[PDB]
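One letter stands for each residue in the lines below.
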Amino acid sequence: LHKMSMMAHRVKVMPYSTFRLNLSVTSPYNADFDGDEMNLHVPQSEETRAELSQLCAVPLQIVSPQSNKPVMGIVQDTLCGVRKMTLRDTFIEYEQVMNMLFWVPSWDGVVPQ
Amino acid sequence: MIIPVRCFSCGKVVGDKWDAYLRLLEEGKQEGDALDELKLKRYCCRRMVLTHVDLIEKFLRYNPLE
Amino acid sequence: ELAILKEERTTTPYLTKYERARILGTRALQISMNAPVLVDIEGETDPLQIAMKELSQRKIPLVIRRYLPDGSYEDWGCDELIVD
Amino acid sequence: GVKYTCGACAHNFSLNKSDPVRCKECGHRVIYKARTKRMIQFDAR
Amino acid sequence: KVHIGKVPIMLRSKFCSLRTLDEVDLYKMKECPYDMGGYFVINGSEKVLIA
Amino acid sequence: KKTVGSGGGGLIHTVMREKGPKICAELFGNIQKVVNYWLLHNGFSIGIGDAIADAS
Amino acid sequence: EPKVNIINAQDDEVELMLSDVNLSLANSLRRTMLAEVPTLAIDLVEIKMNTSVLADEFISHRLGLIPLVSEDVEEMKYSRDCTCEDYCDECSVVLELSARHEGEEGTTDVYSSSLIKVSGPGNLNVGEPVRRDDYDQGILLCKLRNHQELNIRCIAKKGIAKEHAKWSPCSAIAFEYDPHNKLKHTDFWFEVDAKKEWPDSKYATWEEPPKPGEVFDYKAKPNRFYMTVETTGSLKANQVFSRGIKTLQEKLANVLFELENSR
Amino acid sequence: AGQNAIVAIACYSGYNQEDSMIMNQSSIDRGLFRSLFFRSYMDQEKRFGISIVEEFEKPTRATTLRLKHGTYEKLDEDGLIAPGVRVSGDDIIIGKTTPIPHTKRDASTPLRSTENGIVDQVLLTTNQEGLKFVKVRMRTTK
Amino acid sequence: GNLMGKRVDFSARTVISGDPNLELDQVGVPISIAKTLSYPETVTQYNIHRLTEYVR
Ligand SMILES: [Mg+2]
Ligand SMILES: [Zn+2]
Ligand SMILES: [Zn+2]
Ligand SMILES: [Zn+2]
């Protein structure tokens, strides 16, 4: 329906016979996991590889020109999760804090007070 | 087909209790009472034994192919 | 005749996304076809990364010919177009 | 030839690509190839 | 007694051969007793007529 | 949803316009991972009793 | 410091209690007994002939789930570690099944007791199928009409439940702690009253109920676990517990050896 | 036409989002929702003249042309594969040759390219015209 | 049906699934699909060893 339905992704080779997708890109694709089939095309030249990497890349398509607002967001369980996470009466013990901090790829290695 | 060897959920052996279950049901015992007497506590094994349908007899009713 | 003088160019002095992608692809293909490199190579092996490094230092030897709707064109060097 | 079984009386016989497709005694037209004698492996998993 | 054609026979209909047949002979004829009939057989394919 | 949703002026839009698409994707991944781990070790469910109101 | 208290014990199951141990230790022990205790199970089926209505893979899968005695499986060698071609006497156990229906009337039931241990790594006590009693028929395998024959040669090897669930020595491990929710590790869903709407645990009488005037103890930790281990008959419950402890110890020793050799 | 599975409605690890579901691997190993699959291939000989008919036989390169690239060694002397033989894709299961108007060319039907299984049954009979009629049923496990 | 749109090579199609452990711009590709599809890479002094290893 729109340009966000066809985007450039980075390949990660994995076992089993299903395409794996992040949960935040389902809404622009308008897809669920009840039996949807999706297509993949491989460029065969350096110029088209650069075109895909610099024009059709997924991060460049976060904000859409239709309504100058993002089309990808935190959805489904994660959304519910953060509503249960940022409550005023939620407290975390030290070991779980260390595990969660290590789970952050962009963590700077400093434990907050 | 035939009674499964193990329970699907936990893995308890239930393939040797089919004849005992049929014998208990033959003598007028209730299904719950028979399942209790078969020492099936968790309801996973209870639904494994109770909901099984014996289709092996229907296939055996046909004449042998060879 | 159809060319436009350097002092009369009215197009934007910035590098558009389409122009950037086309130059990056062309430079990557040329580097993959054994072309001389105008910047040092430390550890990178991808021709696209080499092209991006050349673009950052403004050393790509290519010229963009922007076409006006009438037919006239403006020639902009890759070393004079501002890259964000 | 190879062994064949009848679909009615389950009788085993053989054919040599010249006899018609019939049973030896009951004349049934439905016959099946017998199971091969070769042992087959299975993972049992 | 001039022959005029062959009419396909719907299974389990009054002119089919599986009406009076008992359970033992139904098993003997490689026919499932749970079968309900109501369809024709053309070229080995089961055909049903939608209303 | 008012903050980390797809609506305009939210956290995602601000982070995008302030840092870049790469940082926005990194934020997506980080939030997803942290919240997924917390929900894994906390738990959440729905049941029939959630659709039942009291007598009054 | 760790203490063990056994509440109930029998060859099929043990209901016991652990104290003065970390929760991770008990969870790791439960996981190891569930998935990392080696046993003996049929992993190769050779079908000489099968005229039954059941499919070949159906019968092979049914045979693979039959528990076998694995008392001396520790002394047995893995197939990968063995240097023999295919399989040999000291790395596998060979079982033979031959069933046929005699007469033109009736149905012959083929059970798991018909398996015969023709060869194995003697004189180790492994390979024989598990029997509940001396006269127990066993697990029902198949049913045969007249002129129907089964001739199977099975190969049993040593493996763990990680590769396939058929090597699992135990069926279900009940595991719980803190029956009175003193640590407040869970929040109780309720409509009117949480205490009335939730049934008491079977170990609620073992621990003193919390007083209404008690204050929350923030420094308390889970220190009393109640766990029941049920086996499938391949191994005794005490044997399963001991072998799980030994497997955990061997894994830790391997990690220590790797750390020492890394220098 | 189904089974009673012990379902837990929970947000366990985020792998069941957007209508997905998580299945127990141990339950799958114990036979949960395992199924059979049967596929039948049909073939017959067609008459093209007084004596121009197809033949069910094992073809060889010495007397037959246009042979497929698949395996022909699984066939018997009648051109039909014995039941109970494990077969992979792109293999010849029925061998049929037709004469030309090297006097014969291959017309054998192979297995499906993306399908494997075990030959379950082989049926040989005669059609209305009077020539051979073969049906090969193969069985696999899903 | 043949000029505005057409059937193309180097394409795959299969069922999709979710994965919380992936980045926003990452797609999981099966082993068989990755082996069937291919990309032609030129031979330079920067990737001669990798290409020879892939050929071997
Ligand atoms: Mg859908
Ligand atoms: Zn169970
Ligand atoms: Zn006959
Ligand atoms: Zn050996």
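Looking at the method and resolution fields of the entry, one finds cryo-EM and 3.3 Å.

*Asks:* Is there a simple way to explain the overall build of chain F in this structure?
*Replies:* Helix and strand counts for chain F stand at 2 helices and 0 strands. In terms of its C-alpha atoms, chain F occupies a principal-axis envelope of roughly 55 × 25 × 10 Å. Considering chain F as a whole, with its 56 residues, one finds that 43% of them fall into the buried category. When the accessible surface of chain F is summed, it comes to about 3,400 Å², and 59% of that surface belongs to carbon and sulfur atoms. Taking the average place of the 6 positive charges on the side chains of chain F and the average place of its 4 negative ones, the gap between the two points comes to 15 Å.

*Asks:* How should the sheet that holds strand 12 (residues 224-231) of chain G be read in this particular structure?
*Replies:* Residue and element names in this part refer to chain G. Ordered in space as 1-2-12-11, the 4 strands form an open sheet in which the pairing is antiparallel. Looking along the sheet, the strands with just one partner apiece sit at the ends: strand 1 (3-10) and strand 11 (170-177). Taken over all neighbouring pairs, the strand axes of this sheet differ in orientation by 15 degrees on average, direction set aside. Across 7 bridges, strand 1 lies against strand 2 (residues 13-19) in antiparallel orientation. Each bridged residue has a counterpart across the sheet, and for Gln 10 the counterpart in strand 2 is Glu 13. Against the sheet, helix 4 (residues 237-261) makes contact with strand 1, strand 2 and strand 12, and its axis sits at roughly 120 degrees relative to strand 12, the strand it touches most.

*Asks:* Help me understand the coordination of the zinc ion (ligand 4) in this model?
*Replies:* Each angle at a metal carrying four tetrahedral donors should ideally be 109.5 degrees, and each at a metal carrying six octahedral donors should ideally be 90 or 180 degrees. All names here are of chain G. Looking at the metal site, the zinc ion (ligand 4) is ligated by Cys 82 (SG), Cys 84 (SG), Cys 88 (SG) and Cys 91 (SG), spaced 2.3 Å from it. In this structure, the zinc ion (ligand 4) is coordinated by 4 donor atoms arranged in tetrahedral fashion, with angles at the metal of 108 to 112 degrees. Here the donor residues of the zinc ion (ligand 4) are spaced in sequence according to C-x1-C-x3-C-x2-C. With a relative accessible area of 9%, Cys 82 lands in the buried category. Judged by its relative accessible area of 1%, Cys 91 is buried.

*Asks:* Help me understand the state of the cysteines in this model?
*Replies:* Disulfides are covalent bonds that link the sulfur atoms of two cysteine residues. In total, this model carries 0 disulfides over all chains according to the counting rule given. With no disulfide of its own, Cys154(G) lies closest to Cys142(G) among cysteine sulfurs, the gap being 13 Å. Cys154(G) gets classed as buried once you look at its relative accessible area, which sits at 0%. Among the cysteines around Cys11(H), which has no disulfide bond, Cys80(A) carries the closest sulfur, lying 6.4 Å off. With a relative accessible area of 14%, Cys11(H) lands in the buried category.

*Asks:* Quick question: what am I supposed to make of empty space enclosed by the protein here?
*Replies:* In this approach a probe as big as a water molecule rolls over the atoms, and the regions it shows empty are the leftover space. Counted as a void, the largest cavity has a volume near 50 Å³. Residue lining of the largest cavity: 13 residues in total, with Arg6(B), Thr39(G), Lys166(G), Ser168(G) and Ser234(G) positioned closest to the centre. By residue number, the principal contributor to the lining of the largest cavity is strand 3 (residues 39-50) of chain G, which donates 3 residues. A domain split of the lining of the largest cavity shows at least three residues from each of domain 1 (1-38 + 166-263) and domain 2 (39-165) of chain G. Taken as a whole, the second largest cavity encloses approximately 40 Å³ of empty space. If you go around the second largest cavity, the residues you meet are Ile59(G), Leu63(G), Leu97(G), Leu141(G), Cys142(G), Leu150(G) and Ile152(G). Those elements that place two or more of their residues in the lining of the second largest cavity are helix 2 (56-64), strand 9 (140-144) and strand 10 (149-159) of chain G. Residue composition of the lining of the second largest cavity, by class: 7 nonpolar, no polar and no charged.

*Asks:* Explain the coordination of the zinc ion (ligand 3) here, please?
*Replies:* In the first shell of the zinc ion (ligand 3), the protein supplies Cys6(D) (SG), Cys9(D) (SG), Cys23(D) (SG) and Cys26(D) (SG), at 2.3 Å from the metal. In this structure, the zinc ion (ligand 3) is surrounded by 4 donor atoms whose angles at the metal cover 107 to 112 degrees, and the resulting shape is tetrahedral.

*Asks:* Would you mind going over the packing of aromatic side chains with me for this structure?
*Replies:* Given two aromatic rings, one states the distance between the centres and the angle between the planes to describe the pair. Scanning the entire structure with this criterion turns up 10 aromatic pairs over all chains. Judged by centre distance (6.2 Å) and plane angle (35 degrees), the ring pair of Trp103(A) and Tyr37(F) falls under tilted. Of the two residues, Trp103(A) sits in the segment after helix 4 (94-102) while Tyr37(F) sits in helix 2 (residues 21-40), which places them in two different chains. When its relative accessible area of 37% is taken as the criterion, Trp103(A) is described as partly exposed. What makes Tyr37(F) buried here is its relative accessible area of 12%. Taking the centre distance of 5.0 Å and the plane angle of 85 degrees together, the rings of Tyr62(B) and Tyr27(E) count as edge-to-face. Note that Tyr62(B) is positioned in the segment after helix 4 (56-60) and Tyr27(E) in helix 1 (residues 23-28), a pairing that runs across two chains.

*Asks:* I would appreciate a short explanation of the interface of chain A and chain I in the present structure.
*Replies:* It is common to give the size of an interface as the accessible area that goes away when the parts come together. Chain A puts 38 residues into the contact, and the matching count from chain I is 29 residues. Across the interface of chain A and chain I, roughly 3,300 Å² is buried in total on both sides, 59% from carbon and sulfur atoms. Of all residues in chain A, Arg10(A), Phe19(A) and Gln44(A) give up the largest surface area on contact with chain I, accounting jointly for 22% of the area buried on that side. Taken together, chain A and chain I are joined by 2 salt bridges. Note that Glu37(A) and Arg13(I) form a salt bridge whose closest N and O atoms lie 3.8 Å from each other. The tally of links between chain A and chain I comes to 19 residue pairs in polar contact.

*Asks:* I'm lost on a nonpolar patch on the surface in this one. Help?
*Replies:* A cluster of nonpolar side chains, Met1(B), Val53(B), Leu55(B), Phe59(B) and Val53(G), forms an exposed patch at the surface whose accessible area comes to about 380 Å². Within the secondary structure layout, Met1(B) lies in the segment before helix 1 (18-26).

*Asks:* Explain the pairing of strand 9 (residues 117-126) of chain H here, please?
*Replies:* Side-chain positions along a regular strand alternate between the two faces of the sheet. Counting buried positions over the 10 residues of strand 9 of chain H gives 8, a clear majority of the element. Sheet topology note: the strand 3 (residues 31-33) of chain D/strand 9 of chain H ladder contains 2 bridges and is antiparallel. Directly across from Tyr32(D), in strand 9 of chain H, lies its bridge partner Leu123(H). As paired elements, strand 4 (residues 86-87) of chain H and strand 9 of chain H share 2 bridges and run antiparallel to each other. Of the residues in strand 9 of chain H, the one forming a bridge with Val87(H) is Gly117(H). For strand 9 of chain H and strand 10 (residues 132-141) of chain H, the ladder comprises 8 bridges, and the chain directions are antiparallel. Its bridge partner being in strand 10 of chain H, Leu123(H) is matched across the sheet by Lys135(H). Connecting strand 9 of chain H to the next strand, strand 10 of chain H, in antiparallel fashion are 5 residues, including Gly130(H) with a positive phi near 125 degrees.

*Asks:* Please clarify how the interface of chain H and chain I should be interpreted in this entry.
*Replies:* In this assembly, 4 residues from chain H lie in contact with 4 residues from chain I. Together chain H and chain I conceal approximately 270 Å² of surface at their shared face, both sides included; 46% is due to carbon and sulfur atoms. Between chain H and chain I we count 0 salt bridges in total. The interface formed by chain H and chain I holds 2 residue pairs in polar contact in total.

*Asks:* Even after reading the chapter, I still don't get the nonpolar core, so can you show me in this structure?
*Replies:* Within soluble globular proteins, side chains that are nonpolar tend to cluster in buried spots. In terms of nonpolar packing, the biggest core is built from 36 residues, with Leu40(G), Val45(G), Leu63(G), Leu97(G) and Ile152(G) touching the most fellow members. The set of elements that each furnish at least two residues to this core consists of helix 4 of chain B, strand 4 (40-42) of chain D together with strand 3, helix 2, strand 5 (93-100), strand 9 and strand 10 of chain G. Residues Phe33(A), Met72(A), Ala12(I) and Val27(I) belong to the second largest nonpolar core, which totals 32 residues.

*Asks:* How do you make sense of unusual backbone geometry when you look at a structure like this?
*Replies:* Excluding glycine, residues mostly have negative phi values, and the peptide bonds linking residues are mostly trans. For the peptide bond that leads from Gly122(G) to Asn123(G), omega is 0 degrees, which places it in the cis range. Positive phi, normally seen in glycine, also occurs at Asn43(E), with a value near 55 degrees. Residue placement: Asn43(E) occurs in the loop between strand 1 (40-42) and strand 2 (45-47).

Cut-off values and rules
The numbering scheme restarts from 1 for each chain and tracks the written sequence of that chain rather than necessarily the entry's numbering. Residues without coordinates are not displayed. All chains are assigned letters beginning with A, and all ligands numbers beginning with 1, in the order in which they are written. Values throughout refer to the chains shown here, themselves only part of a larger assembly. Computation of side-chain values: all heavy atoms of the structure, hydrogens and water removed. Per the convention used, a helix needs a DSSP run of H or I reaching at least four residues, while a strand needs a run of E reaching at least two, with both numbered from the N terminus. Burial classification: accessible surface area is computed with a 1.4 Å probe over protein chains only, and a residue below 20% of its type maximum counts as buried, one above 50% as exposed, and the rest as partly exposed. Per-residue and other accessible areas were derived by the Shrake-Rupley procedure at a 1.4 Å probe size, with only the shown protein chains allowed to occlude residues. Charged residues are defined here as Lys and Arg on the positive side and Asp and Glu on the negative side; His and the ends of the chain fall outside this count. Think of each charge as sitting on NZ of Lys, CZ of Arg, CG of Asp or CD of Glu. In short, DSSP must find at least two bridges between two strands for them to pair. Helix axes are fitted to C-alpha atoms over the stretch in contact, other axes to C-alpha atoms as well, and angles between N-to-C directions run from 0 to 180 degrees. Note on contacts: a residue pair is in contact if any heavy atoms of the two residues lie within 4.5 Å. Donor atoms: N, O and S within 2.8 Å of the metal, or within 3.2 Å for Na, K and Ca. Because water is excluded, sites can look incomplete. Angle rules define the geometry names used: all angles between 85 and 135 degrees makes four donors tetrahedral, while opposite donors over 155 degrees apart and all other angles between 65 and 115 make four donors square planar and six octahedral, leaving every other case irregular. Put simply, a disulfide is two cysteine sulfurs that come within 2.5 Å. Definitions used for this entry: grid spacing 1 Å over protein atoms alone; cavity, a set of points where a 1.4 Å probe fits but cannot get out; pocket, an open set with protein on both sides within 12 Å along at least 5 of 7 lines; lining residue, one with an atom within 4 Å of a point. Grid points are joined across faces, edges and corners, and a volume is the space filled by probe spheres set on the points. Where each domain starts and ends follows an automatic or database-derived domain assignment. For this classification, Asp, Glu, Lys and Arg are treated as charged, while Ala, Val, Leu, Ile, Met, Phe, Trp, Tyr, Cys and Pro are nonpolar and the rest, including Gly, are polar. Stacked, tilted and edge-to-face are the three classes assigned to paired rings of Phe, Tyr and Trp, where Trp is represented by its six-membered ring and a pair needs centres within 6.5 Å; plane angles under 30 degrees give stacked, over 60 edge-to-face, the rest tilted. Summed over both partners, the accessible area lost on bringing two parts together, with a 1.4 Å probe, is the buried area. We define a salt bridge as a contact between a side-chain nitrogen of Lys or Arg and a carboxyl oxygen of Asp or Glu at a distance within 4 Å. Distance and chemistry together define a polar contact, namely a pair of N or O atoms within 3.5 Å, with one atom able to donate a hydrogen and the other to accept it when in protein, and with adjacent residues in sequence counting only for side-chain atoms on both sides. Two joining distances apply to patches: 9 Å for like charges and 5 Å for nonpolar side chains (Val, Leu, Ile, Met, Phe, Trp, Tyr), and every residue must have over 30% relative accessible area and no salt bridge. Within this scheme, the nonpolar core is defined by two criteria: the residues are buried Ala, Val, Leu, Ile, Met, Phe, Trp, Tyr or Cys, and they are joined through side-chain atoms within 4.5 Å.

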